[PDB]
Amino acid sequence: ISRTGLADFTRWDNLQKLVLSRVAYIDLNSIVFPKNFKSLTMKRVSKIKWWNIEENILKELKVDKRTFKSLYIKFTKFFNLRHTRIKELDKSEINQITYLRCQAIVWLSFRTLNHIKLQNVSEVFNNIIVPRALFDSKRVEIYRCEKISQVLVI
Amino acid sequence: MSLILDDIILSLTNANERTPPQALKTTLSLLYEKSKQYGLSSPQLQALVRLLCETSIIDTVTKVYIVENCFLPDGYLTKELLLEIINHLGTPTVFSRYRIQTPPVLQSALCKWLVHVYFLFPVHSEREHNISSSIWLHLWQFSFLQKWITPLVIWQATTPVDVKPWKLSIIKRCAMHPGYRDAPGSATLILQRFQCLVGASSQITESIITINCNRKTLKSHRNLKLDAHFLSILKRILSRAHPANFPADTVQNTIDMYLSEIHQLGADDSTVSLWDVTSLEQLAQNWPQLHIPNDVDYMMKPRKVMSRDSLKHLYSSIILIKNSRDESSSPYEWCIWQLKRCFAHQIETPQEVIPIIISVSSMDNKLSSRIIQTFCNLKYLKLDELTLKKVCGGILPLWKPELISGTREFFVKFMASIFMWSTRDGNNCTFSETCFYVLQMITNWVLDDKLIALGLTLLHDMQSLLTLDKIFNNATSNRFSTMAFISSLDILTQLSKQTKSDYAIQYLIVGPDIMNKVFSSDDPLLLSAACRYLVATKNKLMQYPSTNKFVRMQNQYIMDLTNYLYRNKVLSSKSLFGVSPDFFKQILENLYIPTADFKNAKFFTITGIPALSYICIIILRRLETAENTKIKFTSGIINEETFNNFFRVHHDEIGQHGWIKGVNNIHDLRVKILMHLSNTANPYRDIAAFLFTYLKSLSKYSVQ
Amino acid sequence: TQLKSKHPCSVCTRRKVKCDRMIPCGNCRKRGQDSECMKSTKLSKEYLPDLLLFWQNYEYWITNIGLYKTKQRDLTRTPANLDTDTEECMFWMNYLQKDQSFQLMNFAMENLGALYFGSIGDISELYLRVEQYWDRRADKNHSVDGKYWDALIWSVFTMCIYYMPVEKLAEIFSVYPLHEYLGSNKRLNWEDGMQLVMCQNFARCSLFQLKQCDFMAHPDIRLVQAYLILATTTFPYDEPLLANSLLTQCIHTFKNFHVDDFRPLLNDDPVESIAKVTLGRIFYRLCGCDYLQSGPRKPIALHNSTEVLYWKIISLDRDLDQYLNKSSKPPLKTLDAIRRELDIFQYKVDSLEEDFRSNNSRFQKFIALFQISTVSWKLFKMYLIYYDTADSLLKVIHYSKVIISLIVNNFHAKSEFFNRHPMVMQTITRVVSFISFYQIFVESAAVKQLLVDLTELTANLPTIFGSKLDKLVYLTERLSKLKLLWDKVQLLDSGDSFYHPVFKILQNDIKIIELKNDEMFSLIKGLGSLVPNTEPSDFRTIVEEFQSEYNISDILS
């Protein structure tokens, strides 16, 4: 999709939903969305690179990644899937003010997104980070993603 | 405009037999004003001249008048109109008794008209002129119009060929004919005109003396009386219809010399060699008949001036115009053969051949492609390095290949050949010099819309080779390598300013860890280019998201550079140029300083950097001379330990005069020198300009 | 080249072999001396357009907001209203007498026209109400309908006194009983302060009756009518917070009627159709007051021949000021569009000749004439502030002199109260601030004579506005001192932008005002449970000296 390096839709000021189908490699970092963009559904996509959000959390936490791997701790029974596993950031170790900063970092890459859908993917080359607000509303659809190992909810 | 003039002629043609009392006169009256105002172009005249003879309703008295007055042509009046007049000209006979006879006085008036406008006749194709000249001679035998075609016949026949004995017999016999009263006067000028054409012509002088007259009438017959009013309006009409064509001054002049020719009578594929061609004006007439003798010695070995040597360089060019250029062309093979000899030194000396062939090879880019593609070899460099260097400066930056668009892969292999040649040699600095010309060629590729990405890909491979240990170094290297690199950064900086080229942005963005080499190297000129490139890059990359590889490396450059220049907080940072700051610490305690008060603060600042260390002192010494303070700065390097000790020793004298006004401590000093460094015009103004934007404290004083 | 003098180098006039006319001098360039050129007369451009772009943000956050619509109050220090503390409202009512009030109503017949007629209409029926008002005072029993008429007439009295001349105040009211209650000096009768302090007390009486009638629960049309009269005086500017809350209630009650088209209906009752016509002029006044009171404080907004002409004139002014806060650049085609109507709607202003026998016609002509002048100046300043058109420089000067001589024309023929209209300050405050800001960067002879007669005009205004007069002169003085600081310090040229201490003053000026209009600090305090380098040189001294000498908090009350 980003054959020329950058992909944007700013001139499409009224765009709300974008559908990507039968694309081999898609990198979300290069894609630029307009102000009113709210829904993104992708089906039968081979390779997907999520927003590169993990390190921004690391800088605020100032914690080593290996130590951070000991931080996360394992309603969802309505829509649990065996393919992946749900993990959340621990609230006891993180200060309430610090936790609020962590949530704000996630929303930086989630400017106006409201609906996200994953269908028939093959691999994702990073940790998947989704906000708690979108996950608790059952608007995160990781379906037929037998290759995805884990997803982190912050 | 001219459409109504067509209708007026058509008005006299559409209606016949009406016989109106005044409507016919009004249409003729409207024709009087319309003829002079709009010129009565050639298609209109052909219909008009046919209408006068076709319709006899209008009297022959006014038929002569309109020919004398209305017939003021602005058009080309080609032979088609003249042929129609020729058809009108003639006399009825047994064969043409059924055809209506045109009035002889109208024929004489018609014969009077084209004489006035003979100068406007077409430049003939010398094929129907022989027919026309014979036709005019045959028409000349009519007495009522003999006096008017006689000046005409003098004009169109200018060659010995047109002086034909059968024409001589007709002209002479008419004068010898008794029933003319004007042929002896008419024939004498025609015979005299034919005399000057063929030469001596003893046969033509014996005929003239037989038909000679008292020659007062011949003097009057020598003079041709053309109406001044007719020509004055004609000059204005011709200029108006065709701007910058048929000038009024020349139209009057052309008639005058035609008139003067009559006055002078009383007093008086075809092969042309290019060797004998001298005048370009003659060459214009000789262009259909140009022929080039195939001699290889001359056509390249000897302008606004006029000469055979003026067309010297044009000879090598007109042949390419006469015939299409090819690889088998003798001039195209002479240069290669001379080039082949010069490398092998079989020629007497190559120094004089190069400038001439370079100018020829500077143009004809398709030919220059052949020359460069065959002589760009490693073996051809072994014979002599200088001769390959000379030809690299002439045809490299001026070449734009479009034959196959696959020459990029050949250059990377050949460019590395010179570099590898320079490794084991041990430097010669010939690699960097040869690169600069290629960079000039690369910008030519960049300027062209085609193969924009192809040129940029070639440029990137140059930087990797140019940033090696042996060719580029901060300890042992040559200014050639740095000066070649600083030009490359300007190409990308200029490419960022252009908005008409929609290229790949990863080509513009330079490598992540390759900027550590340019930043670490303490070449003051090189650091100036980096600030220009960083500032120009930040103009773009604004629509890109917060998280992206391109924008993360750009912000890393800004933070690292300011820390290394003015912030002086590298130790508190997490890294510098990909190196952990605590590595810098370990070196510092091993280093020895006789008096180390603030050891860490001295090395890392604008004054402490060796590239900008001494130039910092030069600016300060300029300030001290201008302000003329009490005490000069005796130390050779500016740092915290020298500044406070300088002020502590003279603390008694600090209180009254101190130092240059506007500065209270070293922190104020480090900016004050930079304010001057930013105020003046110098290569390192770019250094201060970059530091202004990303210092947030001073950005407040700027508007918005 | 830009040669306008064609006069030789004064130092080079000594040996004037050549004169290249170049700046600074071709001979000096040959001589290589620029300092010697500076010593002579000898008869820098990219910062003026950006500053003009910045001016629009400045006048929106200083003159419009922060000078009139700002208010700083602390709840802890402010004493709440208590019982037996409203006797001052009752005292002023007892001061007014039956005969005194009738003269006040007689003055509003011919001198206050075109202001009350817009909302309440004629006051002939009010003459019946005031007679009933005195009779109702004796009776203890009261009704909601009776109290609304009680509050409406008191609103009229506040408008009458604010506009009647000082000389007519002396014979109607006795100042002696008012000295012992206020506690002020007895030496001043009606010159200043005493007349002003009387206006607020009567205005507070009208609001007290509405609180006494409990208008919170009983809605009626008279609530809107009472407020519109208070909008004719300077009451809303004194208490911006009170007026904004009252305006919302006026909109809330007005929207309850739910009228989409206000045109008369033939199928409806003739009285109902007439009642809808007079409701149209009330809606237009409400729409006008919404735009005049627009600001960050109020978040709720609501969208005969002379009245409609007056309303749509403000609609013309609405498009110009909508770009003041925003940073967008309006298109030229719509920017020059307004002029093609500005000339035709100024032709219909003077279409009505005049009527000299009555002051009602004269006042409405003066108001209508002032409308075109104050919007033409904005439109022509609109040319310069973004496009720098050459012809607009003279027109801006010419139109500014029109309002200069218009106010002074009203001091000669019994129209001293013509200049007491609240929006005459709104026009002059914007014109004196722009020229003062223009003179510190561009010096011209024409604008110099334009400043001298403006500062005297402010002092010539009637002394009924009070504190607002003292705030504008202080602001002008601060702008006047800036040019003293602009020329003294040399301008720095980095190569792409300029750096001057005065620029920091202007930018820091806006920030302080915006801090005052911040409710985040009040929100944390209102909860009651969640509340407990590389400066170059020699520029902090300059900026802090001016900040200490002149503080923008001074113009804030």
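Numbers below:
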item: Top-ranked residue in region C:543-557 [being under 23 Å from C:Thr70 (Cα atoms) and in a helix (DSSP H, G or I); ranked as farthest from the other protein chains (Cβ to nearest Cβ)]; result: C:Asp554
item: The listed residue being part of a helix (DSSP H, G or I), charged (D, E, K, R) and over 26 Å from the mean Cα position of the chain (by Cα), out of C:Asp220, C:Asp150; result: C:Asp150
item: Only one of B:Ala529, B:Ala504 that is crowded, with 18+ Cβ neighbours inside 10 Å and either touching a helix residue (DSSP H, G or I) at 6+ places or on another chain (Cβ under 7 Å) or away from chain A (no Cβ under 14 Å) (or both); result: B:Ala529
item: Answer from C:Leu450, C:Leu479, C:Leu485 - the residue that is within 14 Å of another protein chain (Cβ to nearest Cβ), among the aliphatic types (A, V, I, L, M) and either surrounded by 13 or more Cβ atoms within 10 Å (Cβ to Cβ) or out of contact with any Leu (no Cβ under 6 Å at 6 or more places or on another chain) (or both); result: C:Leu485
item: Members of region C:258-279 found to be within 32 Å of the chain's Cα centre (by Cα) and closer than 15 Å to C:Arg222 by Cα, listed by number; result: C:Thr278, C:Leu279
item: Region B:651-667, subset away from every other protein chain (no Cβ under 11 Å) and assigned to a loop (DSSP other than H, G, I, E, B), residue nearest to the chain's Cα centre (by Cα); result: B:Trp659
item: Test: residue in region B:687-694 that is facing chain C (nearest Cβ under 7 Å), under 26 Å from C:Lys45 (Cβ atoms) and of a type in the set (A, V, I, L, M, F, W, C); result: yes
item: In region A:31-43, residue farthest from the other protein chains (Cβ to nearest Cβ) [restricted to those that are buried (at least 16 other Cβ atoms within 10 Å of the Cβ), in contact with an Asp or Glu (Cβ under 9 Å, 6 or more places away or on another chain) and assigned to a loop (DSSP other than H, G, I, E, B)]; result: A:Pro34
item: Single residue of region B:625-650 satisfying the filter (assigned to a loop (DSSP other than H, G, I, E, B) and among the aliphatic types (A, V, I, L, M)) that is nearest to B:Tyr614 (Cα to Cα); result: B:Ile637
item: Residue match in region A:47-61 (condition: basic (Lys, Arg), farther than 30 Å from B:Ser501 by Cβ and within 14 Å of chain B (Cβ to nearest Cβ)); result: yes
item: Qualifying residue in region A:45-61 (condition: closer than 24 Å to A:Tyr143 by Cα, in contact with a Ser or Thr (Cβ under 8 Å, 6 or more places away or on another chain) and surrounded by fewer than 16 Cβ atoms within 10 Å (Cβ to Cβ)); result: yes
item: Selected residue [closer than 25 Å to B:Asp668 by Cα, hydroxyl-bearing (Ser, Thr, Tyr) and outside any helix (DSSP H, G or I)] from B:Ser528, B:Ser572, B:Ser546; result: B:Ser572
item: Among the candidates C:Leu196, C:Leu182, residue that is of a type in the set (A, V, I, L, M), under 21 Å from C:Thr84 (Cα atoms) and out of contact with any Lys or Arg (no Cβ under 7 Å at 6 or more places or on another chain); result: C:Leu182
item: Test: residue in region A:75-93 that is within 14 Å of chain B (Cβ to nearest Cβ) and surrounded by 15 or more Cβ atoms within 10 Å (Cβ to Cβ); result: no
item: Yes/no for C:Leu492 being in contact with a strand residue (DSSP E or B) (Cβ under 6 Å, 6 or more places away or on another chain), of a type outside the set (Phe, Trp, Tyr) and either closer than 19 Å to C:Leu556 by Cβ or surrounded by 12 or more Cβ atoms within 10 Å (Cβ to Cβ) (or both); result: yes
item: Filter result for the condition that a residue is over 30 Å from C:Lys329 (Cβ atoms), within 14 Å of chain B (Cβ to nearest Cβ) and either surrounded by 12 or more Cβ atoms within 10 Å (Cβ to Cβ) or not aliphatic (A, V, I, L, M) (or both), over C:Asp50, C:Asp99, C:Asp34, C:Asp83; result: C:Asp34
item: Test: residue in region A:13-30 that is within 14 Å of another protein chain (Cβ to nearest Cβ), in a strand (DSSP E or B), under 23 Å from A:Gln119 (Cα atoms) and small (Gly, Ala, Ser); result: no
item: Only listed residue being hydrophobic (A, V, I, L, M, F, W, C), exposed (fewer than 13 other Cβ atoms within 10 Å of the Cβ) and either within 14 Å of chain C (Cβ to nearest Cβ) or more than 27 Å from B:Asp490 (Cα to Cα) (or both), chosen from B:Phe647, B:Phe604, B:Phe643, B:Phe598; result: B:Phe598
item: Filter pass, B:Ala241 being surrounded by fewer than 13 Cβ atoms within 10 Å (Cβ to Cβ) and among the aliphatic types (A, V, I, L, M); result: no
item: Number of the exception - C:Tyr60 against (1) over 47 Å from the mean Cα position of the chain (by Cα); (2) of a type outside the set (S, T, N, Q); (3) more than 14 Å from every other protein chain (Cβ to nearest Cβ); result: (1)
item: Extreme residue, farthest from the other protein chains (Cβ to nearest Cβ), among residues of region C:508-542 that are surrounded by 17 or more Cβ atoms within 10 Å (Cβ to Cβ) and assigned to a helix (DSSP H, G or I); result: C:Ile513
item: Some residue of region C:306-324 being in a loop (DSSP other than H, G, I, E, B) and in contact with a helix residue (DSSP H, G or I) (Cβ under 7 Å, 6 or more places away or on another chain); result: no
item: Residue in region B:668-680 that is facing chain C (nearest Cβ under 8 Å), part of a loop (DSSP other than H, G, I, E, B), farther than 25 Å from B:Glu641 by Cα and in contact with a helix residue (DSSP H, G or I) (Cβ under 6 Å, 6 or more places away or on another chain) present; result: no
item: The listed residue being farther than 23 Å from C:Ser206 by Cβ, in a helix (DSSP H, G or I) and of a type in the set (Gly, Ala, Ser), out of C:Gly288, C:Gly280, C:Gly295; result: C:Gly280
item: Residues of region B:386-420 that turn out to be assigned to a helix (DSSP H, G or I) and either of a type in the set (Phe, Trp, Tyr) or farther than 14 Å from B:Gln440 by Cα (or both), as a count; result: 19
item: Selection status of B:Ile558, of a type in the set (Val, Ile, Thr), away from every other protein chain (no Cβ under 14 Å) and either touching a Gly at 6+ places or on another chain (Cβ under 7 Å) or exposed (fewer than 15 other Cβ atoms within 10 Å of the Cβ) (or both); result: no
item: Single match in B:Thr493, B:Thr537, B:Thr547 (criterion: surrounded by 16 or more Cβ atoms within 10 Å (Cβ to Cβ), β-branched (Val, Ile, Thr), within 30 Å of A:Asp8 (Cβ to Cβ) and more than 47 Å from the chain's Cα centre (by Cα)); result: B:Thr547
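Values in this text are rule-based calculations from the coordinates and carry no lab data. Positions of Cβ are generated from backbone atoms using ideal geometry, with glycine treated the same way; all protein chains shown enter the neighbour counts.
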